[PDB]
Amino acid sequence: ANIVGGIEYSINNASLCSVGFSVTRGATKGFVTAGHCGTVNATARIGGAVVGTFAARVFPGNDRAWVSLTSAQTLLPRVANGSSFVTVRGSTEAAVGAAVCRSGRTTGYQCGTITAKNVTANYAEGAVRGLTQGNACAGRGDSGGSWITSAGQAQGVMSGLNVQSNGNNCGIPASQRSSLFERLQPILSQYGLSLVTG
């Protein structure tokens, strides 16, 4: 499969999440994603095929993971936006007030602005600290997906949102949304990953 930020993958033939970013660790290929999406050694699949397994994760506390892929997978410096692509040019962390977009298999590609950093989300499993909050909308399934500026700078991966009864927060005004992502830089240093860019 071609690995592109934003696409759907399954975990153990059951939950869905979205790909965050292509990374390497030496010779191993992988993608970063949200830790609550799977547990270590869970099987990830894209388009019915096994692409790799969860290698490490931390959730709750933090919410991050990376999946090691087989050699057959094709890592790409891209995040999906409808039928088009956003190129990943780097990981400069943007500041509050910066405009930001995100990609995921449930709501697609949505943009908004970073509204706050170092937020705590209290999920059923326990607290997750140090998250950044933006007001681009998102829905269940978008977890794990890319947050990236239009300019190609990767910000992090989708953690959670204030879900409404329709399964997303796209029906309430941006003032009211709290969509949160896990910053990318700590995930990349923690596992010694290098981001694939173009």
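Sequential numbering from 1, following the sequence displayed.
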Practice prompt. Return whichever of 87-95 and 106-114 has the greater mean Cα B factor according to the PDB record.
Written response: 87-95
Worksheet item: Going by the B-factors listed in the PDB entry, is the mean over the C-alpha atoms higher for 184-192 or for 171-179?
Response: 171-179
Worksheet, complete the sentence: The residue of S159, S146, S165, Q153 with the maximal C-alpha B-factor according to the PDB record is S165
Worksheet item: Going by the deposited entry, which of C37, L131, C137, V32 has the highest CA temperature factor?
Response: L131
Worksheet, complete the sentence: Of the three thirds of the chain ranked by Cα temperature factor, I7 occupies the lowest
Worksheet item: Is the Cα B-factor recorded for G47 in the lowest, middle or highest third of its chain?
Response: highest
Worksheet entry | Position of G26 among the chain's modelled residues by C-alpha B-factor, lowest, middle or highest third | lowest
